[PDB]
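*Asks:* enclosed are the sequence and the experimentally obtained structure.
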Amino acid sequence: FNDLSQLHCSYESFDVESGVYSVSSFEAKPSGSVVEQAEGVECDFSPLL
Amino acid sequence: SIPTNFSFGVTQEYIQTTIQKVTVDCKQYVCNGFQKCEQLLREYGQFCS
Ligand SMILES: *[C@@H]1O[C@H](CO)[C@@H](O)[C@H](O)[C@H]1NC(C)=O
């Protein structure tokens, strides 16, 4: 549910000790994707035209 | 045997009184935020605790 939930389940009790604790971190979401390393060739239609 | 000349000798020493405090997140370090990993971590559980 929250950081205190993780802290409570870390100590396996409803009561814990007062202090400073390290809870699991979080990550900024990726803004998108980029795909640029190799591009293909184009089909030829000049003999058609 | 009595001295006649003297010097003020310096002497340096160091005491490692305090190693560097560290903390570590369990699931972020081991698991890298991919949901099947967290599903496969809950059985081990209290190792992080
Ligand atoms: C005592 O030692 C100092 C430094 O080594 C030197 O300059 C001085 O001449 C000495 N004196 C005597 C009496 O040996």
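*Replies:* Sure thing, it's come through. Numbers count the residues shown, from 1 in each chain, chains lettered A, B, ... in the order given.

*Asks:* residues of chain A that sit close to chain B?
*Replies:* Within chain A, the positions lying close to chain B (Cβ under 8 Å from any Cβ of the partner chain) are A:9-12, A:22, A:24-25, A:27. Yep, even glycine has a C-beta here, placed from its N, CA and C like the rest.

*Asks:* at 7 Å instead, please
*Replies:* By Cβ under 7 Å from any Cβ of the partner chain, the part of chain A that sits against chain B consists of A:10, A:22, A:24-25, A:27.

*Asks:* what subset of the residues you listed is buried?
*Replies:* Among these, those buried by neighbour count (16 or more other Cβ atoms under 10 Å in any protein chain shown) are residue A:10.

*Asks:* residue closest to the middle of chain B?
*Replies:* In chain B, the residue lying closest to the centroid (Cα atoms, centre = their mean) is residue B:20, at 4.9 Å.

*Asks:* can stretch B:38-49 be found next to chain A?
*Replies:* Yes. For stretch B:38-49, a contact with chain A is found by Cβ under 7 Å from any Cβ, at residue B:49.

*Asks:* now that stretch: how far from the chain's centre is it?
*Replies:* With Cα atoms, centre = their mean, to the nearest Å as the basis, stretch B:38-49 stands 24 Å off its chain's centre.

*Asks:* cool, and stretch A:41-49?
*Replies:* For stretch A:41-49, the distance to the chain centre is 44 Å (Cα atoms, centre = their mean).

*Asks:* can you check stretch B:2-12 too?
*Replies:* 40 Å.

*Asks:* do stretch B:18-32 as well
*Replies:* With Cα atoms, centre = their mean, you get 10 Å for stretch B:18-32.

*Asks:* and for that stretch, what's in contact with it?
*Replies:* A:22, A:24-25, B:37-38, B:41, B:48 (Cβ atoms under 7 Å, 6 or more residues apart in numbering or on different chains).
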